[PDB]
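Asks: Below are the structure tokens for one structure; questions will follow.
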Number of protein chains: 2
Amino acid sequence: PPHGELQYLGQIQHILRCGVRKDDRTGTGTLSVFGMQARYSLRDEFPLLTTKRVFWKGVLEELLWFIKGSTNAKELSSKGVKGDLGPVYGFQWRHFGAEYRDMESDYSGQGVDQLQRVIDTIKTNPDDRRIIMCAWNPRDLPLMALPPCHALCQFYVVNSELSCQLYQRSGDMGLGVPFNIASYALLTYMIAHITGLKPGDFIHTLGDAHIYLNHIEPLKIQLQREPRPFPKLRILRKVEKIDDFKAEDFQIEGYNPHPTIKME
Amino acid sequence: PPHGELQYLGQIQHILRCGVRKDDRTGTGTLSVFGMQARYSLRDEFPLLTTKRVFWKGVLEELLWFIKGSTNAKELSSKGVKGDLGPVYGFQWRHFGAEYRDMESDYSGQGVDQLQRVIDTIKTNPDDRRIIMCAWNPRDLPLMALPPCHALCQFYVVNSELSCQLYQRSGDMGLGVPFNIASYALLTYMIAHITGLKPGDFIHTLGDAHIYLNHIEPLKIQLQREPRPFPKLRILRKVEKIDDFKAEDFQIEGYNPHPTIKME
Ligand SMILES: O=P(O)(O)CCCP(=O)(O)O
Ligand SMILES: O=P(O)(O)CCCP(=O)(O)O
């Protein structure tokens with residue numbers, strides 16, 4: 001049986017020559033490849049990278065924050081991970097279209113609730129191919145008219161198994177990717193749990209897969225680390241609404257990672 | 001050196017058990033897999049499937065039609081491939097947002113011109129990661145509020161090479177996929193030609209990759225066919241505007257396919 005992490009490791013190796021130099025919005029250098037995909041089983045295991053310790057605390061805490069539709073940067077910083085932070089992911093996932101006044105204004109029932117709509121569609125028409133949700137980059141909102149939507153993450157159902165595919169126009173292989181894998185795999189676990197489905201697969205598809213220059217050395221060392229069996233996520237309680245989730249409902253098990261690896 | 005077609009063939013083999021039964025909008029049966037990707041080199045070759053004769057005439061003629069932003073079904077049927085057809089792909093690629101009155105109304109400068117915007121961004125900021133364009137399914141437009149966008153096809157530039165990645169929420173492996181591969185590879189050739197870039201790669205990413213039941217037999221026979229070298233597309237003329245392209249500007253060469261394969 002193959003390992004899911006060998007995919008990430010292998011993608012890193014592929015970027016490191018056969019990667020091409022390319023500057024980003026800031027001008028910092030990176031090695032980039034266009035077009036990548038990887039599949040992670042969510043069946044009796046959670047894709048929490050082992051070749052390095054992933055900040056699971058931040059993953060969970062940040063997700064609960066986005067699910068709360070909160071645009072209050074303080075509401076996250078107080079949770080132990082990091083006031084008006086503009087219309088971030090949360091405001092889009094719950095109020096897609098509604099105009100953001102401030103972190104104190106009220107948006108109940110305002111704008112399209114992408115998240116709930118996915119849940120509803122899962123339980124009213126699981127064969128649907130339009131179970132898509134659609135985060136944006138705040139920075140682009142004012143830039144032009146009708147900007148494209150940094151990431152989108154179509155869901156799929158079959159044989160009582162909920163799968164998820166995340167597509168990102170650009171991916172930070174060194175820091176972003178490992179975090180996002182776990183992140184969306186968690187979201188999938190939540191959606192699956194409230195829809196009465198079993199986690200199936202999580203597919204991560206990228207457009208511009210890039211490695212930042214100053215991350216090359218740490219990553220080269222990380223490639224020399226032998227992957228360990230993925231952990232197991234457990235939802236030790238019964239939840240019916242996505243909003244009713246609490247950081248205490250989930251529990252990582254069997255997580256034996258390699259030392260943490262700092263990256264700028 | 002590997003062959004691009006072995007990917008399509010191999011994906012077909014993977015669907016045919018390890019594929020799962022799943023009904024579509026009509027209820028017809030299909031074998032489906034979630035999450036797929038394939039890369040096709042556009043360097044000195046065009047990804048026109050050889051294991052069967054692809055209707056290149058329709059590909060080209062239909063693309064020119066969409067590029068013309070025409071929503072007149074008659075304007076396509078008269079070209080030898082097939083009056084008001086509602087806001088189809090063309091109307092979205094050139095008038096994203098504008099309201100469709102009829103195939104006779106005027107929409108000059110109305111709505112966002114996704115296509116031209118991609119071209120412009122390529123020549124003003126090739127390193128950009130927001131070079132995305134965004135077709136919809138007309139059927140979904142009235143269905144709900146802010147529907148998700150059947151397909152999207154982010155462009156990428158590096159070393160004077162233009163690449164393209166198409167993401168479809170669902171893909172008809174038997175009939176749609178072969179047509180779309182060529183289709184978007186052609187679009188990429190056009191964009192690359194007017195931007196003064198060389199075609200790089202075309203990546204086709206799918207969400208729900210399905211094979212229709214009544215296509216299983218033909219496809220099983222098609223798998224037994226040995227792929228032949230891809231042809232070569234030639235733009236035998238100099239064009240500066242995407243709208244200035246004519247079916248006579250392109251010429252397929254070295255296309256030696258296997259017999260045609262009808263599919264319902
Ligand atoms: O191009 P996107 O939407 O992926 C933006 C993040 C770029 P950086 O802040 O310069 O790393
Ligand atoms: O679900 P989408 O947007 O891929 C629609 C085509 C479905 P069919 O007409 O029932 O084959």
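Following the order of the structure tokens, first chain is A, next is B, and so on, with residues numbered from 1 inside each chain and ligands from 1 in the order they appear.
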Select, as an MDAnalysis selection string, those residues of chain A with any atom no more than 9 Å from chain B (distances computed using only C-alpha atoms).

Replies: chainID A and resid 20:25 34:39 96:97 112 127:134 145:150 154:156 158:159 163:165 167 169:170 201:205 207:208

Asks: Write out as an MDAnalysis selection string all residues of stretch 66-240 of chain B that DSSP puts in strand (DSSP E or B) for this structure's backbone.

Replies: chainID B and resid 72 84 96 112 151:152 155:158 161:172 198:212 232:235

Asks: Store the residues picked out above, limited to N, CA and C atoms, as a short mmCIF file (atom, residue, chain, number, x, y, z; two decimals), in the first residue's frame.

Replies:
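Here's the written file result.cif:
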```
data_model
loop_
_atom_site.label_atom_id
_atom_site.label_comp_id
_atom_site.auth_asym_id
_atom_site.auth_seq_id
_atom_site.Cartn_x
_atom_site.Cartn_y
_atom_site.Cartn_z
N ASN B 72 -25.64 33.12 -31.20
CA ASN B 72 -26.54 32.70 -32.28
C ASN B 72 -26.22 31.26 -32.68
N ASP B 84 -32.04 31.69 -31.32
CA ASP B 84 -31.53 32.23 -30.06
C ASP B 84 -31.15 31.09 -29.12
N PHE B 96 -19.10 38.96 -19.48
CA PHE B 96 -19.33 38.40 -18.16
C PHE B 96 -19.99 39.42 -17.25
N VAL B 112 -17.68 42.23 -18.42
CA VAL B 112 -16.24 41.96 -18.41
C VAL B 112 -15.81 41.02 -19.53
N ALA B 151 -16.63 25.34 -15.62
CA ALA B 151 -15.20 25.19 -15.85
C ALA B 151 -14.40 26.50 -15.76
N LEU B 152 -13.12 26.37 -15.47
CA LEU B 152 -12.26 27.53 -15.39
C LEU B 152 -10.87 27.14 -15.85
N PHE B 155 -4.34 30.53 -16.85
CA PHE B 155 -3.17 30.53 -17.72
C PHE B 155 -1.92 30.80 -16.90
N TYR B 156 -0.78 30.39 -17.44
CA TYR B 156 0.50 30.51 -16.76
C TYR B 156 1.62 30.81 -17.77
N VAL B 157 2.54 31.70 -17.41
CA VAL B 157 3.63 32.07 -18.32
C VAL B 157 5.00 31.96 -17.67
N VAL B 158 5.99 31.54 -18.43
CA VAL B 158 7.35 31.42 -17.92
C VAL B 158 8.26 31.04 -19.09
N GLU B 161 6.97 30.79 -22.55
CA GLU B 161 6.06 29.69 -22.84
C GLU B 161 4.73 29.89 -22.12
N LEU B 162 3.64 29.79 -22.87
CA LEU B 162 2.29 29.95 -22.33
C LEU B 162 1.70 28.57 -22.05
N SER B 163 1.30 28.33 -20.81
CA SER B 163 0.69 27.06 -20.44
C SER B 163 -0.76 27.31 -20.07
N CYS B 164 -1.55 26.25 -20.01
CA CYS B 164 -2.96 26.37 -19.68
C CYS B 164 -3.43 25.18 -18.86
N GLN B 165 -4.25 25.44 -17.85
CA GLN B 165 -4.82 24.37 -17.06
C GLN B 165 -6.31 24.59 -17.02
N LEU B 166 -7.05 23.57 -17.44
CA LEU B 166 -8.50 23.61 -17.47
C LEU B 166 -9.02 22.71 -16.36
N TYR B 167 -9.94 23.25 -15.57
CA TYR B 167 -10.55 22.49 -14.49
C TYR B 167 -12.05 22.44 -14.74
N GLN B 168 -12.57 21.22 -14.82
CA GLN B 168 -13.98 20.99 -15.05
C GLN B 168 -14.55 20.24 -13.86
N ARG B 169 -15.69 20.72 -13.37
CA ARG B 169 -16.33 20.08 -12.22
C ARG B 169 -16.79 18.67 -12.58
N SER B 170 -17.02 18.42 -13.87
CA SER B 170 -17.41 17.09 -14.33
C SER B 170 -16.89 16.92 -15.75
N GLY B 171 -16.50 15.70 -16.10
CA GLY B 171 -15.99 15.46 -17.43
C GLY B 171 -16.51 14.17 -18.03
N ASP B 172 -17.01 14.26 -19.26
CA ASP B 172 -17.53 13.11 -20.02
C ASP B 172 -16.28 12.53 -20.68
N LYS B 198 5.40 30.95 -26.83
CA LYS B 198 5.41 29.60 -27.37
C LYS B 198 4.54 28.71 -26.50
N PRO B 199 3.70 27.87 -27.13
CA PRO B 199 2.82 26.96 -26.38
C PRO B 199 3.66 26.09 -25.45
N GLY B 200 3.26 26.00 -24.19
CA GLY B 200 4.02 25.18 -23.26
C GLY B 200 3.34 23.86 -22.98
N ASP B 201 2.46 23.87 -21.99
CA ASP B 201 1.71 22.68 -21.58
C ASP B 201 0.25 22.98 -21.35
N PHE B 202 -0.56 21.94 -21.52
CA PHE B 202 -1.99 22.02 -21.28
C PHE B 202 -2.28 20.95 -20.22
N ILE B 203 -2.84 21.35 -19.09
CA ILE B 203 -3.16 20.40 -18.04
C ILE B 203 -4.68 20.33 -17.95
N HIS B 204 -5.21 19.11 -17.95
CA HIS B 204 -6.64 18.92 -17.84
C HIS B 204 -6.92 18.29 -16.48
N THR B 205 -7.62 19.03 -15.64
CA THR B 205 -7.96 18.56 -14.30
C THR B 205 -9.45 18.41 -14.23
N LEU B 206 -9.88 17.29 -13.68
CA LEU B 206 -11.28 17.00 -13.57
C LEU B 206 -11.69 16.78 -12.13
N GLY B 207 -12.99 16.92 -11.91
CA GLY B 207 -13.57 16.69 -10.61
C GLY B 207 -14.20 15.33 -10.80
N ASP B 208 -15.47 15.29 -11.19
CA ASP B 208 -16.14 14.00 -11.44
C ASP B 208 -15.81 13.47 -12.86
N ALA B 209 -14.86 12.55 -12.95
CA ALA B 209 -14.48 11.96 -14.23
C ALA B 209 -15.38 10.73 -14.41
N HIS B 210 -16.31 10.81 -15.36
CA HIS B 210 -17.22 9.72 -15.57
C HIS B 210 -17.27 9.16 -16.99
N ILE B 211 -17.55 7.87 -17.07
CA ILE B 211 -17.72 7.18 -18.34
C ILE B 211 -19.19 6.74 -18.39
N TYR B 212 -19.89 7.04 -19.47
CA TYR B 212 -21.29 6.62 -19.57
C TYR B 212 -21.35 5.12 -19.90
N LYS B 232 0.66 18.18 -35.63
CA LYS B 232 1.28 19.49 -35.44
C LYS B 232 0.33 20.55 -35.94
N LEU B 233 0.08 21.57 -35.12
CA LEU B 233 -0.79 22.65 -35.55
C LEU B 233 0.12 23.76 -36.06
N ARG B 234 -0.29 24.39 -37.16
CA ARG B 234 0.46 25.49 -37.75
C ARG B 234 -0.45 26.66 -38.03
N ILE B 235 -0.03 27.84 -37.59
CA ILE B 235 -0.77 29.07 -37.81
C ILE B 235 -0.07 29.74 -38.98
#
```

Asks: Would you please work out which residue, of A:64, A:17, A:138, A:125, is nearest to ligand 2 when using only C-alpha atoms and all ligand atoms?

Replies: A:125

Asks: Please, what distance in Å, to one decimal, runs between atom CA of residue A:259 and atom CA of residue A:51?

Replies: 7.9 Å

Asks: Tell me, in Å to one decimal, how far atom CA of residue B:224 is from atom CA of residue B:261.

Replies: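 Between atom CA of residue B:224 and atom CA of residue B:261 the gap works out to 13.0 Å.
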
Asks: Could you pull out the residues in stretch 86-252 of chain A that DSSP calls helix (DSSP H, G or I) from the backbone, as a ChimeraX atom specification?

Replies: /A:89-94,114-124,140-143,176-194,213-223,242-244

Asks: Please provide as a list in words all residues within 12 Å of residue B:194, with the sequence filter that same-chain residues fewer than 4 positions apart are discarded (counting only C-alpha atoms).

Replies: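 Residues meeting the cut-off are residues 116, 118, 119, 120, 122, 123, 162, 187, 188, 189, 190, 198, 199, 235, 237, 238, 239, 240, 241, 242, 243, 244 and 245 of chain B.
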
Asks: Kindly save the residues from that selection, with C-alpha atoms included, as a CSV table (one decimal), in the first residue's frame.

Replies:
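What ended up in out.csv:
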```
chain,number,residue,atom,x,y,z
B,116,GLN,CA,-9.2,39.9,-23.7
B,118,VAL,CA,-6.4,37.2,-20.1
B,119,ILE,CA,-4.5,38.4,-23.2
B,120,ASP,CA,-3.9,41.8,-21.7
B,122,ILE,CA,-0.3,38.1,-20.2
B,123,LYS,CA,1.3,41.1,-21.8
B,162,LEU,CA,2.3,29.9,-22.3
B,187,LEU,CA,-7.1,28.2,-27.5
B,188,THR,CA,-3.7,28.1,-25.9
B,189,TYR,CA,-2.1,28.2,-29.3
B,190,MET,CA,-4.1,31.2,-30.3
B,198,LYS,CA,5.4,29.6,-27.4
B,199,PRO,CA,2.8,27.0,-26.4
B,235,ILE,CA,-0.8,29.1,-37.8
B,237,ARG,CA,-0.3,33.6,-41.1
B,238,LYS,CA,0.3,36.5,-38.7
B,239,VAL,CA,-2.6,37.6,-36.5
B,240,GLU,CA,-2.6,40.3,-33.9
B,241,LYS,CA,-6.1,40.2,-32.5
B,242,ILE,CA,-7.9,37.1,-31.2
B,243,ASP,CA,-11.0,38.2,-33.1
B,244,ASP,CA,-9.0,38.2,-36.4
B,245,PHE,CA,-8.6,34.5,-36.5
```

Asks: Can you tell me which residues surround residue B:76 at a distance of at most 10 Å, considering only C-alpha atoms, apart from same-chain residues fewer than 2 positions away, and format the answer as an MDAnalysis selection string?

Replies: chainID B and resid 58 61:66 70:74 78:82

Asks: Take atom CA of residue A:195 and atom CA of residue B:139 and report the distance between them in Å, one decimal.

Replies: 26.8 Å

Asks: From the list B:186, B:126, B:137, B:181, which residue is nearest ligand 1 when using only C-alpha atoms and all ligand atoms?

Replies: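 Among B:186, B:126, B:137, B:181, it is B:126 that comes nearest to ligand 1.
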
Asks: Check the smallest atom-to-atom distance from each of B:42, B:18, B:219, B:31 to residue B:174 using only C-alpha atoms, then report the winner.

Replies: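 Using only C-alpha atoms, residue B:174 sits closest to B:219.
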
Asks: Please provide as a list in words all residues within 12 Å of residue B:110, with the sequence filter that same-chain residues fewer than 5 positions apart are discarded (counting only C-alpha atoms).

Replies: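 Once the nearby chain positions are removed, what remains is residues 69, 91, 92, 93, 94, 95, 96, 97, 98, 99, 100 and 105 of chain B.
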
Asks: Keeping only N, CA, C and O atoms, write the selected residues to a file as a PDB file, in the first residue's frame.

Replies:
```pdb
ATOM      1  N   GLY B  69     -17.998  35.589 -29.416  1.00  0.00           N
ATOM      2  CA  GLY B  69     -18.983  35.974 -28.416  1.00  0.00           C
ATOM      3  C   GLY B  69     -20.418  35.808 -28.873  1.00  0.00           C
ATOM      4  O   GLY B  69     -21.359  36.221 -28.188  1.00  0.00           O
ATOM      5  N   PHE B  91     -20.983  34.494 -24.882  1.00  0.00           N
ATOM      6  CA  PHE B  91     -21.515  35.643 -24.163  1.00  0.00           C
ATOM      7  C   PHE B  91     -20.864  35.809 -22.786  1.00  0.00           C
ATOM      8  O   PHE B  91     -20.823  36.913 -22.237  1.00  0.00           O
ATOM      9  N   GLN B  92     -20.344  34.719 -22.233  1.00  0.00           N
ATOM     10  CA  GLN B  92     -19.695  34.778 -20.926  1.00  0.00           C
ATOM     11  C   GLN B  92     -18.240  35.190 -21.046  1.00  0.00           C
ATOM     12  O   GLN B  92     -17.733  35.958 -20.232  1.00  0.00           O
ATOM     13  N   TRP B  93     -17.580  34.669 -22.072  1.00  0.00           N
ATOM     14  CA  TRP B  93     -16.176  34.946 -22.342  1.00  0.00           C
ATOM     15  C   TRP B  93     -15.928  36.393 -22.735  1.00  0.00           C
ATOM     16  O   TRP B  93     -14.814  36.903 -22.584  1.00  0.00           O
ATOM     17  N   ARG B  94     -16.965  37.048 -23.248  1.00  0.00           N
ATOM     18  CA  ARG B  94     -16.833  38.428 -23.690  1.00  0.00           C
ATOM     19  C   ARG B  94     -17.708  39.422 -22.955  1.00  0.00           C
ATOM     20  O   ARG B  94     -17.398  40.611 -22.926  1.00  0.00           O
ATOM     21  N   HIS B  95     -18.800  38.953 -22.366  1.00  0.00           N
ATOM     22  CA  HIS B  95     -19.694  39.856 -21.649  1.00  0.00           C
ATOM     23  C   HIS B  95     -20.095  39.275 -20.301  1.00  0.00           C
ATOM     24  O   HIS B  95     -21.280  39.117 -20.010  1.00  0.00           O
ATOM     25  N   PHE B  96     -19.096  38.958 -19.483  1.00  0.00           N
ATOM     26  CA  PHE B  96     -19.331  38.396 -18.161  1.00  0.00           C
ATOM     27  C   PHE B  96     -19.992  39.424 -17.250  1.00  0.00           C
ATOM     28  O   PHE B  96     -19.353  40.380 -16.813  1.00  0.00           O
ATOM     29  N   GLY B  97     -21.278  39.226 -16.978  1.00  0.00           N
ATOM     30  CA  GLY B  97     -22.001  40.146 -16.118  1.00  0.00           C
ATOM     31  C   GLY B  97     -23.129  40.877 -16.822  1.00  0.00           C
ATOM     32  O   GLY B  97     -24.175  41.139 -16.227  1.00  0.00           O
ATOM     33  N   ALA B  98     -22.914  41.213 -18.090  1.00  0.00           N
ATOM     34  CA  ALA B  98     -23.920  41.912 -18.879  1.00  0.00           C
ATOM     35  C   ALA B  98     -25.158  41.035 -19.025  1.00  0.00           C
ATOM     36  O   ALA B  98     -25.056  39.806 -19.081  1.00  0.00           O
ATOM     37  N   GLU B  99     -26.328  41.664 -19.087  1.00  0.00           N
ATOM     38  CA  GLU B  99     -27.573  40.919 -19.225  1.00  0.00           C
ATOM     39  C   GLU B  99     -27.883  40.640 -20.688  1.00  0.00           C
ATOM     40  O   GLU B  99     -27.840  41.539 -21.528  1.00  0.00           O
ATOM     41  N   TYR B 100     -28.202  39.383 -20.980  1.00  0.00           N
ATOM     42  CA  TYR B 100     -28.503  38.955 -22.338  1.00  0.00           C
ATOM     43  C   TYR B 100     -29.950  39.215 -22.744  1.00  0.00           C
ATOM     44  O   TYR B 100     -30.878  38.636 -22.177  1.00  0.00           O
ATOM     45  N   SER B 105     -29.379  41.925 -29.913  1.00  0.00           N
ATOM     46  CA  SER B 105     -29.044  43.081 -29.090  1.00  0.00           C
ATOM     47  C   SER B 105     -27.555  43.390 -29.216  1.00  0.00           C
ATOM     48  O   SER B 105     -26.792  42.598 -29.770  1.00  0.00           O
TER      49      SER B 105
END
```
